[PDB]
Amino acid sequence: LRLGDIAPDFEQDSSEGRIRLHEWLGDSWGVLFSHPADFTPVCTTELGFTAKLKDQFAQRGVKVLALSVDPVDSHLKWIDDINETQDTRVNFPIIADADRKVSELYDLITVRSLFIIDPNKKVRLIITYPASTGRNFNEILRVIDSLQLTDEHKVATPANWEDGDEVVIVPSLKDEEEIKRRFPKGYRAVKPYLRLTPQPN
């Protein structure tokens, strides 16, 4: 699976019923989190933050699913532990991938991958962390804010950009009357290739 590939559609059982990925997503952004097994400490804490970021995901029109190979009864029992020990409520599906169909489809055969999926079902980011190291969910939101903004405007987000920081005009946009139209907040040519503009609102 490479960036710009279609996120392969699947049908699989889950903690919230049988799920067809593409149909469930509809026109929403997606984040598929994979976890190697239920009742694992790092993963427990990650599914905690994912549940706690319900509203943050909803604001951005992002649907979230987790994936593990353990059965539905295991997932449901694990959700009880997450809800209690992380002081939250898992609101989203954990896919029960017992037959490995979804894991093979996403080339997941210890490390775990997240896949960011756009409304046209394209993989826009693949992040793999080792088992030693839990995710930073601020970074996941900041990348989604980058992708959404750079899909809606001809900008790219610089190093250590946060929502509201100024952005660079994309290098391929070189039409000077087009640049004037598209960026009424104005821009600075710091270099021929480095053009800074306030984030379009």
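Note that residue numbering follows the sequence shown and begins at 1.
According to the entry, the deposited sequence places 4 to 9 unmodelled residues between residue 109 and residue 110. Here 96-104 and 116-124 are compared by their mean Cα B-factor, and 96-104 comes out higher.
As listed in the deposited structure, the average C-alpha B-factor of 29-37 and of 166-174 is greater for 166-174. Among the modelled residues of its chain, residue 189 has a C-alpha B-factor that falls in the middle third according to the deposited record. Residue 91 sits in the highest third of its chain by CA B factor, as recorded in the PDB entry.
In the deposited entry, the Cα temperature factor of residue 150 sits in the middle third of values across the chain's modelled residues. Sorting the modelled residues of the chain by their CA temperature factor places residue 42 in the lowest third. Ranked against the other modelled residues of its chain, the C-alpha B-factor of residue 68 as given in the entry falls in the middle third.
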